[PDB]
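Peer 1: kindly generate the corresponding structure for this input.
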Amino acid sequence: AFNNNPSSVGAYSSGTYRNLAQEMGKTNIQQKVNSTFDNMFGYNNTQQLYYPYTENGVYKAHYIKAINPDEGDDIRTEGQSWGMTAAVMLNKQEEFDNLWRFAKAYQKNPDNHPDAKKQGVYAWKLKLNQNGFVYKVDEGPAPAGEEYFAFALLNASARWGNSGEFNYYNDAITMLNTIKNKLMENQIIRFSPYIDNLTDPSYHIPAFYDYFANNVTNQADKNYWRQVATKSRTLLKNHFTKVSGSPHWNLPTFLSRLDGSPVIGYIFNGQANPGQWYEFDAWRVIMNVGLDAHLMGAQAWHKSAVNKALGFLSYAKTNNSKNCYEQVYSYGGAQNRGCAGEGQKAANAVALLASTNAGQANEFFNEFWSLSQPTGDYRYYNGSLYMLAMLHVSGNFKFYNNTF
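Peer 2: Numbering: from 1, shown residues only. Here you go, the structure:
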């Protein structure tokens, strides 16, 4: 029985986590969740994304391989912090520290970096030189990584304690301070440290902030993060209000102004796509809403947000000869980028945690649950979200609080 009226109390306060998959009637879920991790983390160059990093043949750490069939493989912070996240969620501590060692060592920018805006942040692109070593391809942050880096670490601490190799809890504070100091603007997460009145809706994870707050001890910082959470929901609320119907047709967008306006067209050099596109990043907004609705409780905006989004994708599936919804949508029109992949389907599966239309829910869930785990060239992004979505639909994405 899908629970078509999600609690306005969150899983976080109540300690009651939903098991979407279970509700949807499914079976052997934990197996899937586990096999999912196991494959993603097993040496098989198939679903695998977890790769060991050796230097002169002395093992160092592990990293998540952002597998690139076009531009050629690189190493991004996002997928790394995701790795750490899944690890801690599945009590895989061996793997966790492997990835965190890598991150702390190779992704991190020295705090004596000439550029202050780059200091202690995490280089978003790293690559493997033909010689065999890691180096920074791009020294600018992907603030979402640091976001999850912090979240992953707070949990790691709470789960395993900080007497091991890594003092997760301190590592976590540093990160949190970094985000405050290098990745914010009026408490709204930057799309970059260099542009202003700019955010990426897909970075907002209101519940994470609330969580951060409960895991910082001093009364000043509790407020900071509680504020950031308030503003973040507000942001998504507004953003979602703004995308309602014409001209946007209820799909969130790549970039946003802090008021929640979709950034129309190009506004800076390098910008892959126009800001008003529902694309690879925007894929995650309703996924984040679900997560939020689940953990922090479902308000109406949540419900409307996921529903209408999902609705359009549903409605669009009929508007198509190839009988699917597409990867990119501008002003409600198909940008012809092929049919939705596993990661996009995975995203929408989580979104159902705020959904209320049970019919819809079955449409979207059975579509994700039927997929086989991402393999091949485009498997980095899809597999990463597949893994996250696996924890989400299985009652395995939990907030683990530290006690003081």
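Peer 1: quick one, strands of the stretch 251-400 of the chain?
Peer 2: For the stretch 251-400 of the chain, the strands defined by DSSP state E, counting those that start in this stretch occupy 277-278, 329-330, 333-334.
Peer 1: winner for burial among the ones you listed?
Peer 2: Across these, averaging neighbours per residue (mean count of other Cβ atoms under 10 Å) puts strand 277-278 on top, at a mean of 26. The C-beta positions use only the backbone N, C-alpha and C, and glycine is treated the same way.
Peer 1: tell me how far it lies from the chain's centre.
Peer 2: 17 Å (Cα atoms, centre = their mean, to the nearest Å).
Peer 1: touching, residue 260 and residue 232? I think so.
Peer 2: No: contact criterion Cβ atoms under 8 Å: residue 260 and residue 232 do not qualify, at 11.0 Å.
Peer 1: surely residue 266 touches residue 276?
Peer 2: No: using Cβ under 8 Å, residue 266 is not in contact with residue 276; the gap is 10.4 Å.
Peer 1: on the three-state scheme, residue 63 is what?
Peer 2: strand (DSSP: H, G, I helix; E, B strand; the rest coil).
Peer 1: residue 260 and residue 232 - which one has more neighbours?
Peer 2: Neighbour count, other Cβ atoms under 10 Å: between residue 260 and residue 232, residue 232 has more, with 25 against 20.
Peer 1: which residues in the stretch 101-250 of the chain form strands?
Peer 2: Under DSSP E, counting those that start in this stretch, the stretch 101-250 of the chain gives strands at 125-128, 134-138.
Peer 1: just name the most buried of those.
Peer 2: strand 125-128 (a mean of 19).
Peer 1: format the CA atom coordinates belonging to that one as PDB.
Peer 2: Extracted C-alpha coordinates of strand 125-128, given in PDB (Å, rounded to 0.1, in the frame of the first residue of the first chain):
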ATOM      1  CA  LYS A 125      37.500  18.200 -11.300                       C
ATOM      2  CA  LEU A 126      40.500  16.000 -10.800                       C
ATOM      3  CA  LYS A 127      41.900  13.800 -13.500                       C
ATOM      4  CA  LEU A 128      44.500  11.000 -13.900                       C
END
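Peer 1: out of residue 266 and residue 276, which sits in the more crowded spot?
Peer 2: Each of residue 266 and residue 276 has its neighbours counted (other Cβ under 10 Å); residue 276 has more, 23 against 13.
Peer 1: and the more buried one, what is it in contact with?
Peer 2: Contact analysis of residue 276 by Cβ atoms under 8 Å, 6 or more residues apart in numbering lists 248, 253, 254, 255, 262, 263, 264, 265, 330, 331.
Peer 1: again, 10 Å this time
Peer 2: 243, 247-248, 251, 253-256, 261-265, 282, 329-331 (Cβ atoms under 10 Å, 6 or more residues apart in numbering).
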